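Protein chains in written order, with the deposited numbering: chain B, 3948 to 4235, 4252 to 4305, 4316 to 4487, 4494 to 4513, 4520 to 4563, 4573 to 4620; chain R, 1445 to 2744. Note that CB positions come from ideal geometry on N, CA and C, so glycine has one too. Single-structure report; data block below.
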Amino acid sequence: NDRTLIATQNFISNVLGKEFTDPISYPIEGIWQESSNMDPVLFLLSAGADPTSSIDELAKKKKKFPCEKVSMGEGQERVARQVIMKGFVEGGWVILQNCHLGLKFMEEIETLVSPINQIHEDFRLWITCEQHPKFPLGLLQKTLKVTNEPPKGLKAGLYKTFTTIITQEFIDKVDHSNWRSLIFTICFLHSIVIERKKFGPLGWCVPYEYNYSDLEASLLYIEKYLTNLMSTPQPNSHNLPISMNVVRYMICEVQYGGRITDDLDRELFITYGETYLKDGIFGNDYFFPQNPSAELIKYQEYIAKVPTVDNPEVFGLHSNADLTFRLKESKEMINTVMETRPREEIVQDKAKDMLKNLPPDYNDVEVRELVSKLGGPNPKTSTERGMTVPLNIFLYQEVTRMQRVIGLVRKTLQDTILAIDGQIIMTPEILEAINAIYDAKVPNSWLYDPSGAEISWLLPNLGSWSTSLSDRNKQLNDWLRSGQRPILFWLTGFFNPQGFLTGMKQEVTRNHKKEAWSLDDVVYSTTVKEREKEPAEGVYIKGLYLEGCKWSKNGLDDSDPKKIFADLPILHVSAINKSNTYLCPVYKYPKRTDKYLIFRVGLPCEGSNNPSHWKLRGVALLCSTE
Amino acid sequence: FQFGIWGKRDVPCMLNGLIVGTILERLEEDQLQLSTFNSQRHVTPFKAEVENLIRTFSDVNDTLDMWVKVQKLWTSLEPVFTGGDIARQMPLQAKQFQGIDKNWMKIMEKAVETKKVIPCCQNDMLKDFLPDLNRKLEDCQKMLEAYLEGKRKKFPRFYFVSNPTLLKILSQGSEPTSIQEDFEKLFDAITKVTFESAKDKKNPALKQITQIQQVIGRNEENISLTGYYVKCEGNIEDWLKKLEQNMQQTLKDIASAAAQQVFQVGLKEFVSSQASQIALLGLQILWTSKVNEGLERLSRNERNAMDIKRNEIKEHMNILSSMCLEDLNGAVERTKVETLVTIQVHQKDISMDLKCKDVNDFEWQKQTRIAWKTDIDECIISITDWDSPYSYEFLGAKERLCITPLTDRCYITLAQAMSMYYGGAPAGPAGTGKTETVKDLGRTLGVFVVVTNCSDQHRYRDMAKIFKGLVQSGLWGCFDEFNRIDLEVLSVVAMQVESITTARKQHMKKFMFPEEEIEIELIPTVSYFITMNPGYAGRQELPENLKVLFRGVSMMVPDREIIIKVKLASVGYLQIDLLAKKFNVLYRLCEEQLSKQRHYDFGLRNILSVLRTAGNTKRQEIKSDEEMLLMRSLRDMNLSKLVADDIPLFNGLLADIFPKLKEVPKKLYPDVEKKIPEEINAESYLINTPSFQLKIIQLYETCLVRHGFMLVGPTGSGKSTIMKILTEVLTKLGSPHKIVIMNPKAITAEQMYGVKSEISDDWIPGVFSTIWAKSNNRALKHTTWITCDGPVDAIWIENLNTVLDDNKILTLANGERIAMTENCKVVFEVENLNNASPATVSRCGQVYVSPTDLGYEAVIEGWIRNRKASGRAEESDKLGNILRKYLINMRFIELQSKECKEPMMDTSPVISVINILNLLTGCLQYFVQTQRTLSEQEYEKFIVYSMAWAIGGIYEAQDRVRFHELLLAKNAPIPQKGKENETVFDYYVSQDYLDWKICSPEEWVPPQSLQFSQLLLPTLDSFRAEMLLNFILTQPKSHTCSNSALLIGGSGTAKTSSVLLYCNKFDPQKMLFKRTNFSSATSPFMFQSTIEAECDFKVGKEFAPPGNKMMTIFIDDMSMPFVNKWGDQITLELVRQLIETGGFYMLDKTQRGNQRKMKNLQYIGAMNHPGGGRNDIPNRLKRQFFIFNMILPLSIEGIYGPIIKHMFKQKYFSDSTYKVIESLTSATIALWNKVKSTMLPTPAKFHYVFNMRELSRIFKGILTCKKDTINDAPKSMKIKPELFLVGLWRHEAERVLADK
Ligand SMILES: Nc1ncnc2c1ncn2[C@@H]1O[C@H](COP(=O)(O)OP(=O)(O)OP(=O)(O)O)[C@@H](O)[C@H]1O
Ligand SMILES: Nc1ncnc2c1ncn2[C@@H]1O[C@H](COP(=O)(O)OP(=O)(O)O)[C@@H](O)[C@H]1O
Ligand SMILES: Nc1ncnc2c1ncn2[C@@H]1O[C@H](COP(=O)(O)OP(=O)(O)O)[C@@H](O)[C@H]1O
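Next up, the structure:
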């Protein structure tokens, strides 16, 4: 199923002809020839794309006047109507906007655009809207529909960009050497960083809507910089005397810095700047991906020789990335067409049998006892005690939240089954719970709250969710009932991992070098236990997962096995002061946001590949695997 | 009777009372005194006199109020119709105003004739005229808007002013007086201006302005002279415009001088001589010029002169830091100095590492440099490339802020965006310095910024008004919380802003604005900003037309170390760098590894609060080590919010960072701590405990520091009492204090802040804003504390961000902006936050009450103190001698000692204690009445009886027998005389003697045969219900008694039956009754309507002869109203403000800030076994109602016996059919049992529901044919007389059961 889609293109080319599987791009000047005066032009747009500037540009090119514009909203019907009447008598152009709200005026338009009420020639109408059903099809049945989401392929977006700001940006130079190369650099950067998002959370934590606005912003800056640099240049040594490090900072943090909500993306984007700009215009070198000559149609040909489908090592990113993308892509595609084809039963009994399998509650009158009875960092160092030792208070907090969830689950399973077999006036929440129990997804009652109460959100009803909760409670109980500190802690189970680590810090400060060591003086570090087969200060973590290399002697991953185990990364803390190293994050879930960043780990294992290689490769040490 | 006349400029004279504050206030405590007297027992005679007196006083008030309001309307409209052209151009309402002038003059002359305002108000004709005149004057204003728009056009700033206040501004009637109270909301910082009369020949002397003043606090101020003067004239726009211009010009010239003086005189002289703004400019220009000179001197050859200039700055640092910081006079002068100090700290920090070879180097081309050009005399501020001239606005001393690198990122970004003609729209989480960063870039560039506050109740017309003002003037706008706004409004705003962007792009002097036909001009130095907040509840998206304009600035994590260290430098500390790390690490650790509670906050607002606190402590004489002072400050600040458990963790964490220090005492304030027990003893029912000392003092401190605060904590915990007692102690030592209350979800937010009317196209006033305007007047003596009280839902609260932020300005969709004063504070008596984003958690301080602060036992001792007040013979001692051990060591052995696992109403047990106390008082009321004192044993029996119910009222028979066995095991005697399988509940204690008996009296029916006429019979359940009810309902409004009751029973378990049995027994000659029912979509306005129609009078202002009898409000089911999505239902809150306090706010489109009063009412309710599908009532409300179960009867063979007896004794022909008839009475029951048990409801047959109603319907069908059944003779179709009867039984049972 990985290579479904190209095969799809293939037999389509066979049974229907290869002409179908070939690019199309709509010449807006060509499209204008279709629009008679008596039919409008609709526009089903997507986020981060608008043809309004191009429509205006054409209206200045062929037509000689600026169009008039009315934005839909509230209290704009009569305004729209009177401007349309002016257009009717005269023959101007009108730009409606935001029809996705304020639909009451739409039905009127079909009556207006009629043969009865006569209209002066050369009058066009341009409509724009968005995905709102309950949109009567009077005009959908009679209009011209056009889509202007940005192009897919790398060459596609590159070519389009090479038909946005062209032939007078390009042709106005007074220098074929330097800033021609700067245009080419920035354009390639644009087209690469936009397309990086195709992979998913590996490439970008969330989606960002870069468009051309940032581009011509940067172009306006750098043209000012070069014009006022060379304004004092009476003679060019070799075409320029620029010190291009400021431009790095600008294109890094100011122009494109607007969208960026994450921290890691900042230095990731700086790295892309480093590797692509090179900190110099070589003039003679091979881009990692060719390099140009100085003529326009030559740029068009340069685009022509670019391959259609590329491989992700162009971005620096590993081949295996490809795999996951295709799978999810295939997984949705068939489902689309799968739609076009022409409960209160033993499932609740299955849940009924389930609820007599999750464990019993832990009454606090017992638990407070048990936690107070036994506790210490080291049996020799201290006698049993409760509050004072950080790990015991952590034990109590974790048991508290666990019980808070256990009670809710037991109660709602009961009251879900006690409506039919039992009796109560049916609730809507309980009905939602029934539907969720039949499907794979757990009800919202166990994940979220009106603000947010994330607990253990995993996919299956019981395959992993209750499995995970059971494992958490098992380890927590054996961490309590015996009361002894086991080796190989499971970090995923703890609701608040960070408290674990800071408690370890406090433990080291108190037990050792106490006072010789202050809390604010201590800093953090880690040594990876490079060993299969095996206390001192620090902890032993079990269950981390790496992505994309080995533990030590890190190398390229094979085609399968994208997610790999993580060995025992024993910790270390030291008083402060008492660039070959690479620093990795640790994300709880594989969603990869600013939240869930528990801590950062230095991983020196380099060999020949400098760390920036790894930084663009987007390694990370996530915790769960989903 | 002293009154202030406007003038004699016509035949008549129009006047107002400028002493009326004294009138109102002394009136208020007059009526307080009169009610205080009347309530007391020994006030027999005064009733004839006093009521009449109060009545007159009450009545005169509202008449006066209406009158003076109309006067203000007229006092706005007079100058409008003096001008010839406008009077000509609209003759109709001009002559209507001639008519009102005639009528108004007649009223004034009648008042003049009277000479005394009280007979003047007593006139009855007046009252009809006044509101009709009011409405007509509203119509006149609705004529005058068409001229208001043009007058606004003639001068920019009026766009940031609302309509009626603009009218008042335009009706000056005087040079000095009228505008002297309005300079604040028309310029940035000016508040006072002198007026010097120049006597022109033959013209009256014209007042002219000569200097300007910025006042902060009371006496501290900044004065600015003027060489160029400004003269008043005939046209208000003229002298306002001249004020602006001449200000700009003199500011320019003083700066032009000051730039020479800076390098001539030397540091100290010009910093001391000049004002703050010019001083900061001088420092910046000196540094840039000297650093430049050093850089070129490096360029010539290797030189030390650059190092000499850097050393000169370093030398300047010590002289500024040593003297001007530690000792100084006055607040304004104080703020100036550290404003210089922070800049200089950052200055030297940059200059240390400033390794740039020449001016062209980027490291030099990264900061906000300045150059005051001489050859063309003008300022010019410079950034990387952008440049712009200083805008010359007098601001005086403002507390500008530190410069972290992130602020540099913002500065560079915003300069670039403004160079490309856009508007920055920064974003991030709450409290990272967005709005203040914008405001500071405004302040440094010399411009004046205008923050507003969008909200869902906005409309595009007002945004257009704003933007027109922005383009006309040259000012900057910062639309805080721009996202929380309607979608289509954003759709049209997209157009407006795009039009202005294209206009500015061409550099075109004149341009066209959409929707507005007249052509309008532009000034370049404008800008737009929206500080939107990504992602909450009630937050929409920007349609893609609008994302084009603004450039993003991502402000996620502010710096926290550098700001702290430079602030500590600014105060003048010596242990800077260590302490900074201490602050940061402590607040971090506290954030992560402490328990998760919704209300905790450790953001930058808390930190800055600590810093602005910490200034004074070092300013005190002590030279003790700084770290001690700092530990004390941090610990004592952050204690208040923490719940019980987190306190040990918090101070154990403190010990790990300051191990050198062991302990310090808390600085204790002696006056208040000695004062508190005095009034705690002054009351009857108040027990002092140490926890109260701690919490009330903590409240005092957080009051002292911050704007507003919250009292989070569970029910019955003493919050309102704490507020009351605090207000008392503050008032005792002078400095009075007043408190107002409000309930936000018992009124609709549209009414709370007012909207534009949705019928007549005209504004209505808002309640909360009316209280705001009435409160923040200067020249008062109170210190008002507006109390909101309810839940915290985000939708209504969150549009008070500006008032609770450092802006402390209220902003409306009207266009009205009201400035906060220090006279006023905002408080919330809310239970707990569960629907609050951090943007509202971090804005205000907070204090947490805990359940164990005031145990129920202390409340019992307070009641005991009351018993030793009058009935002090021995009763307090005797009663309690059982109570203490009988309550402390018993109550917790009922919750789950024995099973008791069906407490239908989950509660906290303090409510049970309030309940049993209220019951016991009514129990002993009879022997209080006869003045008889009893032995100990009878009292023990009474307590057993009292608390049997009121803890036994929430349980079923099985739990009740287990309860009973407990009481047998370890309690005082219950009935033992027979106890033949009968519980303790069955019997009652008799007043006449110590006995445990019970019965239901015999009573049959009247002769009528209607099923209603067979209304109800005397059951056992009904009689015991009356027994319990009557005790509470006789008690006369004791504290902790609302005189309100509430039953609990299944749907069809004799609710309205027993209640109506009670209600018939009323005496309508001194006791009335009213009925109401509840459904899901019953709204607060509906309940408001029914209660207003019930009373029909405002019984607060000495009214309602017919409501003087006592009334009762009965409600069947308080559960059914629709719970909101959050979980907080919005109907019961009106009831809760009715029970707790009586009365509410009016909504009659005429007056807002005022409340009707209920001086007498009664209340009763009934529940339906809450749990599962049945809703529940708000827990805050559970504290007031008596709650107990209403079980099924288990005796239904004996309810219907009589009606069959009375039917039976007509024929007398039933030799054997009588026994049969009784068997029918029992066999219907057998059938009922079998069918009800066997066949059930499922969601496909949900309505398969059975109760006792159908038995009544069966009998109702049977009871017919008083003798027609006998007439079997016509048919006799093998029919005995009984056969027809059993056939009737069969058909009946089929049609009542075998149908649905
Ligand atoms: N010093 C005191 N001594 C004895 N009893 C007290 C004292 N202070 C308060 N109480 C009692 O405590 C109760 C005060 O409850 P309060 O009205 O303060 O609840 P609250 O905290 O305001 O919450 P809510 O407003 O939801 O009731 C009253 O019953 C009062 O009699
Ligand atoms: N760099 C800074 N220097 C001084 N104070 C700052 C700084 N950044 C933030 N603050 C403080 O934060 C508060 C402003 O927060 P604000 O920007 O209003 O939050 P929001 O942007 O969510 O409205 C002020 O008390 C301000 O002094
Ligand atoms: N004491 C009584 N005498 C005669 N009929 C009674 C008596 N008590 C209850 N009933 C009958 O039982 C029914 C109980 O209905 P009711 O209590 O009004 O419903 P709900 O409990 O929902 O208020 C009544 O309709 C009434 O006819």
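Within the region 4468-4486 of chain B, those residues whose Cβ lies closer than 7 Å to any Cβ of chain R are, in chain order, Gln4471, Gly4472, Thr4475, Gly4476, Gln4479 and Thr4482. Membership of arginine 4206 of chain B in any beta strand (DSSP E) is not indicated, and neither H nor E is assigned to it by DSSP. Here the C-alpha atom of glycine 2617 of chain R lies approximately 6 Å from the C-alpha atom of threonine 4400 of chain B. Neighbours of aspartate 2620 of chain R in chain B, taken as residues at a C-beta separation under 8 Å, are lacking, since the least C-beta distance is about 13 Å.
Scanning the region 2553-2619 of chain R for uninterrupted beta strand (DSSP E) segments of 3 residues or longer gives 2557-2559 and 2607-2611, listed from N- to C-terminal end.
Residue-level contact check: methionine 4177 of chain B does not touch chain R, since none of the beta carbons of chain R fall below 8 Å from its beta carbon.
Three or more beta-carbon pairs separated by less than 8 Å link the region 2099-2108 of chain R to the region 2066-2079 of chain R, which places the two stretches in contact. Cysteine 2443 of chain R is classed as exposed because its beta carbon has fewer than 16 other beta carbons within 10 Å across all chains shown. Ligand 1 never approaches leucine 2361 of chain R closely enough for any of its heavy atoms to be under 7 Å from the residue's Cβ. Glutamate 1628 of chain R is not a Cβ neighbour of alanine 2489 of chain R, given a cutoff of 8 Å. If you compare the alpha carbons of R:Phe2517, R:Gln2606 and R:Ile2051 with that of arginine 2287 of chain R, the shortest gap goes to R:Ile2051.
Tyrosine 2300 of chain R: member of the alpha helix (DSSP H) spanning 2300-2311, first to last residue.
The beta carbon of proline 4423 of chain B sits closer than 8 Å to some beta carbon of chain R. Annotation for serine 2453 of chain R indicates a beta carbon at 7 Å or more from all heavy atoms of ligand 3. Shown here for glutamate 2123 of chain R: same chain residues with a beta carbon closer than 6 Å to its own, the five before and five after excluded, namely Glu2172 in chain order. Put simply, of R:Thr2575, R:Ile1551, R:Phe1525 and R:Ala1555 the residue whose alpha carbon is nearest the alpha carbon of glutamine 1542 of chain R is R:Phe1525.
Between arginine 1995 of chain R and chain B, the shortest Cβ-Cβ separation is below 8 Å. Between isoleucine 2131 of chain R and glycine 2306 of chain R, the CB-CB gap stays under 8 Å.
Interface with chain R (8 Å Cβ-Cβ cutoff): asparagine 4095 of chain B is excluded. The three-state secondary structure of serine 4178 of chain B, taken from DSSP, is coil. Against chain R, the CB of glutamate 4200 of chain B has a partner CB under 8 Å away; the residue lies at that interface. Excluding the 5 residues flanking it on each side, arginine 2519 of chain R has same chain C-beta neighbours closer than 7 Å at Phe2558, in chain order. Within the same chain, and ignoring the five residues on either side of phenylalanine 4131 of chain B in sequence, the residues whose Cβ sits closer than 7 Å to its Cβ are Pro4255. The criterion of a C-beta distance shorter than 8 Å is not satisfied by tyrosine 2031 of chain R and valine 2156 of chain R. Using a Cβ-Cβ cut-off of 8 Å, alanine 2525 of chain R does not count as an interface residue toward chain B, since no Cβ of chain B sits closer than that to its own. Between the region 2571-2588 of chain R and the region 2428-2445 of chain R there are fewer than three C-beta pairs closer than 8 Å, too few to call the two in contact.
Put simply, the backbone Cα of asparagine 1748 of chain R is about 19 Å away from that of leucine 1730 of chain R. In the DSSP assignment, the residues bridged to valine 4595 of chain B are B:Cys4578.
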